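Colleague: Quick one: the structure is below, questions incoming.
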Amino acid sequence: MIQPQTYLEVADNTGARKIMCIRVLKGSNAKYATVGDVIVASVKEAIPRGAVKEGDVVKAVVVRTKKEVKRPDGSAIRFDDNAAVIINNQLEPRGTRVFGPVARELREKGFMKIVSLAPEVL
Amino acid sequence: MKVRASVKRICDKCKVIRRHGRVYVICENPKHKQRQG
Amino acid sequence: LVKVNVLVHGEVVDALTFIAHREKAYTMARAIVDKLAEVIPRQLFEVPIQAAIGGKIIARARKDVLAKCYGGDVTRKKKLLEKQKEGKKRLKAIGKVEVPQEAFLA
Amino acid sequence: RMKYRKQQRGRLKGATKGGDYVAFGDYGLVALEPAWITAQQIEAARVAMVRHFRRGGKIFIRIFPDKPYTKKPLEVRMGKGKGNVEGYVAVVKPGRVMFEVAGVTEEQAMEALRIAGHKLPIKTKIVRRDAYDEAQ
RNA sequence: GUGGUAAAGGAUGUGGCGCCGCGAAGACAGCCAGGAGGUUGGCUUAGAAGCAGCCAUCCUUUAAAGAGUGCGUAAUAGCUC
RNA sequence: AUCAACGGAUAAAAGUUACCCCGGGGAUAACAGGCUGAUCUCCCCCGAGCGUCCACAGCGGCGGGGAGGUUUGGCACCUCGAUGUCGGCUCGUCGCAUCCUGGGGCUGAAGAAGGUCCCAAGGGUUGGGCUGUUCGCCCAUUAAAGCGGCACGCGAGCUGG
RNA sequence: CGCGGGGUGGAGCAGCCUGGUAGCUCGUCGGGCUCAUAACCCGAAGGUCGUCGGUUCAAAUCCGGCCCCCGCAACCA
């Protein structure tokens, strides 16, 4: 769930399904990369022509594969770790992202539009 | 502007100050912090 | 209006200078001239890129081995101090280019 | 600078007390029991002087440059027999008469004298005409 | 809280000391009205005809006689002194 | 007779040791201590001449005074019957002349932004990139990302390049 | 911060260290060989000897410290 640099799944606008991470985005000390958060990271894997290409980027969480809790104690695990991508402060580059409904995601409520864009199966 | 030193009546006419033991000068202009203290 | 130029160890530098009219020579000197420092330094020569506007200059804009033979010899220190000191005279000269333009233009 | 064509290469030392005297020209200064003063500083006086006297009010300077000093070479260690050179000073002990006549008149000097007074590494004092002297 | 290891230079610190402004036909103020009456620039005149960058070296009043210290630009005002 | 390393051991004479030994001694270093404070680190002082009207917002040329004692050393009496001499992690802690947060001053201050100047340690004050490195460059930064103390904190707790 | 090496006609060094005196080379001015140029034939020309302040009846010189260039030096700490 938490990460400095690591292998973490991008599943977004990279030309391949991975991004290397860099770290947590806000509190100096924190270590832990909690969900519902934006992050610094980079792809390591390849692309088909595409656009985003190699370089550096700042962007956000999806899932965890390491224990959430809800205030209503809803719970939901997943042996996989995709996470969101963003341009600028906020807006989402790719207008495409396959993914499901899910819970914690919108709850930061800084980026409501996304929710529509990744609703589906698998 | 608490200068360390000097102080020589630079808002032209100016009052020598004696307070808290500390000794200064103020005149008509704030742009005259002659506190060598 | 004249033609206020600039200086930078090399010559001609990027591509500034226009027409310094009404003391406009130094007017912007301490401004544009002091272009921070080209953001990039490149080497430890410390070239002095002045402003050859049209004078008569105007504007006014290294390893650490020395301390290792510690605790003594204000002698041998000097010995190894001259070694590199000679490079500077043979660097800035041979080290052509030394022009890191295309920075910010400010 | 102000020295030349030396008899030697290095004086010895001393400093205890001496004697200068009356002003030449009814404007001047004087001090206390000075340590030696470097020529730049010595020349700095007139240097400090020139700007202020109507930025032109002509004045005779004063005392002549003297003694050698050096850190041998630099800061290695003693090994030198005692040599090499750079800077020069003045014999300075009873509070020597400073020379300050001009005709440039009044305070303009008198504070330049304070300029001078604030200048130079010894507390001083301020003088002018007083009580003559006479010589054969 | 000076005794209590520091210079420089500041210092209407304070003390007493000698040297010089008491003008009781009475002052320096602190005050209050005046705070000049022909007291207005030939060189900027972009205005200075004190009160930006350019002279002050003779009379009128005597209330005093600011050649003008002042804040600043359309001169100027307008407040100090 | 230069026996002139000139009161001369011979009449005729080199080095090298990190393969060394063995004696003795703090009557000579290295790290360290301390010493004074030279150079450094910092703070004032004078005020040029600047910086739309400016000497003293901003600065500071030419200068001076220092203080302070971490680097440079000079020193060299503690000592050679044992002062184990680099960084690193550990856990600290004083100190502030502050680096972020206090509170002001001041603006060449519309204000926010800032700059600059006082007064004050409660805290707090990152992870990596790569080399023996502190240091330094850099990458994202994040309220911020400070010096320096204390035998260059720290071998009877190590690391060990 | 020492040393030891020396600074010379346009350039090149000879020549000096052994007090009263600089020479050898091209290149060089003008001149011969030529369709033109080279070749090749000739002339003449021209030197505070890095400074300096001194010894010296006199100093390129002897001698001294300042000025550039060469090389040796710069230990285990």
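Colleague: Give me a count of the residues in the stretch C:68-85 that are within 18 Å of D:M78 (Cβ to Cβ) and either within 16 Å of RNA strand E (Cβ to nearest atom) or touching a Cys at 6+ places or on another chain (Cβ under 9 Å) (or both).
Modeller: Qualifying residue count, the stretch C:68-85: 2.
Colleague: When you look at D:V104, is it within 14 Å of chain C (Cβ to nearest Cβ) and of a type outside the set (D, E, K, R), yes or no? Step through it out loud before you land on a result.
Modeller: On the way: within 14 Å of chain C (Cβ to nearest Cβ): no; of a type outside the set (D, E, K, R): yes.
When the stated conditions are applied, D:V104 does not pass them.
Colleague: List pairs: first residue in the stretch B:7-29 and of a type in the set (S, T, N, Q), second residue surrounded by 14 or more Cβ atoms within 10 Å (Cβ to Cβ) anywhere in the structure, Cβ distance under 8 angstrom, at least six positions apart or on different chains.
Modeller: The qualifying pairs are B:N29/B:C11.
Colleague: Residue check: is C:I32 more than 14 Å from chain D (Cβ to nearest Cβ), more than 13 Å from RNA strand F (Cβ to nearest atom), of a type outside the set (S, T, Y) and out of contact with any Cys (no Cβ under 7 Å at 6 or more places or on another chain)? Break it down into steps so the answer makes sense when it comes.
Modeller: Working: more than 14 Å from chain D (Cβ to nearest Cβ): yes; more than 13 Å from RNA strand F (Cβ to nearest atom): yes; of a type outside the set (S, T, Y): yes; out of contact with any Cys (no Cβ under 7 Å at 6 or more places or on another chain): yes.
Yes.
Colleague: Right, next: When the residues of the stretch C:1-19 are filtered to those that are among the β-branched types (V, I, T) and within 11 Å of C:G54 (Cα to Cα), which remaining residue is surrounded by the most Cβ atoms within 10 Å (Cβ to Cβ)? Walk me through how you get there before you give the answer.
Modeller: If we filter the stretch C:1-19 for residues that are among the β-branched types (V, I, T), which is where we start, we get C:2, C:4, C:6, C:8, C:12-13, C:17, C:19.
Retained after the next criterion (residues that are within 11 Å of C:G54 (Cα to Cα)): C:2, C:4, C:6, C:17, C:19.
On the way: C:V2: 14, C:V4: 26, C:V6: 23, C:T17: 18, C:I19: 10.
Taking the candidates together, the pick is C:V4.
Colleague: Give the residues of the stretch D:29-76 that are within 14 Å of RNA strand F (Cβ to nearest atom) and not in a loop (DSSP other than H, G, I, E, B), sorted by residue number.
Modeller: Residues satisfying the conditions are D:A39, D:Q40, D:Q41, D:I42, D:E43, D:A44, D:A45, D:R46, D:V47, D:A48, D:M49, D:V50.
Colleague: Right, something else. Answer yes or no as to whether C:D14 is within 30 Å of D:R77 (Cα to Cα), away from RNA strand E (no atom under 16 Å from the Cβ) and part of a loop (DSSP other than H, G, I, E, B).
Modeller: no
Colleague: Being among the acidic types (D, E), surrounded by 15 or more Cβ atoms within 10 Å (Cβ to Cβ), farther than 21 Å from C:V2 by Cα and away from chain D (no Cβ under 14 Å) narrows it down to one residue among C:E46, C:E98, C:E102, C:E86; which is it? Walk me through it before giving the result.
Modeller: Values: C:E46 fails: surrounded by 15 or more Cβ atoms within 10 Å (Cβ to Cβ); C:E102 fails: surrounded by 15 or more Cβ atoms within 10 Å (Cβ to Cβ); C:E86 fails: surrounded by 15 or more Cβ atoms within 10 Å (Cβ to Cβ).
Only one candidate qualifies: C:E98.
Colleague: A further question on this structure: Can you tell me which residues in the stretch C:73-97 are at negative phi and near RNA strand F (Cβ under 10 Å from one of its atoms)? Even if it seems obvious, please write down each step before you answer.
Modeller: Looking only at the stretch C:73-97, we keep the residues that are at negative phi, and these are C:74-96.
If the condition is that a residue be at negative phi and near RNA strand F (Cβ under 10 Å from one of its atoms), then C:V74, C:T75, C:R76, C:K77 are the ones that fit.
Colleague: Here's something else I'd like to know. Which residue is surrounded by the most Cβ atoms within 10 Å (Cβ to Cβ), if the candidates are limited to the stretch C:60-81 and must be under 29 Å from the mean Cα position of the chain (by Cα) and within 14 Å of chain D (Cβ to nearest Cβ)? Let's see the steps before the verdict.
Modeller: Filtering the stretch C:60-81 down to residues under 29 Å from the mean Cα position of the chain (by Cα) leaves C:60-68, C:77-81.
Cutting the leftovers down to within 14 Å of chain D (Cβ to nearest Cβ) gives us C:77-79, C:81.
Values: C:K77: 17, C:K78: 15, C:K79: 10, C:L81: 11.
Ranking the candidates gives C:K77 first.
Colleague: Determine whether C:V2 is more than 17 Å from the chain's Cα centre (by Cα) and under 30 Å from D:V76 (Cβ atoms).
Modeller: On the way: more than 17 Å from the chain's Cα centre (by Cα): yes; under 30 Å from D:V76 (Cβ atoms): no.
So C:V2 fails the test.
Colleague: One residue is enough: does the stretch D:41-50 have a residue meeting the conditions under 18 Å from D:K13 (Cβ atoms) and away from RNA strand G (no atom under 16 Å from the Cβ)?
Modeller: Taking the stretch D:41-50 first, the residues under 18 Å from D:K13 (Cβ atoms) are none.
No: the stretch D:41-50 contains no residue that is under 18 Å from D:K13 (Cβ atoms) and away from RNA strand G (no atom under 16 Å from the Cβ).
Colleague: Across the stretch D:85-127, which residue is farthest from C:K78 (Cα to Cα) among those that are among the acidic types (D, E), more than 16 Å from RNA strand G (Cβ to nearest atom) and surrounded by fewer than 18 Cβ atoms within 10 Å (Cβ to Cβ)? Steps first, answer last, please.
Modeller: Kept after step one, since they are among the acidic types (D, E), are these residues of the stretch D:85-127: D:86, D:100, D:106-107, D:111.
With more than 16 Å from RNA strand G (Cβ to nearest atom) added as a condition, the list becomes D:100, D:106-107, D:111.
Imposing the further condition that a residue be surrounded by fewer than 18 Cβ atoms within 10 Å (Cβ to Cβ) reduces the set to D:106-107, D:111.
Values: D:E106: 54, D:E107: 52, D:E111: 47 Å.
Among those residues, the one meeting the criterion is D:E106.
Colleague: Let me ask something additional. Scan the stretch D:37-84 for residues that are loosely packed, with under 14 Cβ neighbours inside 10 Å and within 14 Å of chain C (Cβ to nearest Cβ) and jot them down.
Modeller: D:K71, D:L74, D:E75, D:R77, D:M78, D:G79, D:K80
Quick reminder, even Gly has a Cβ in these numbers, built from the backbone with ideal geometry, and neighbours come from all protein chains shown. No lab work stands behind these numbers, since they all come straight from the coordinates.
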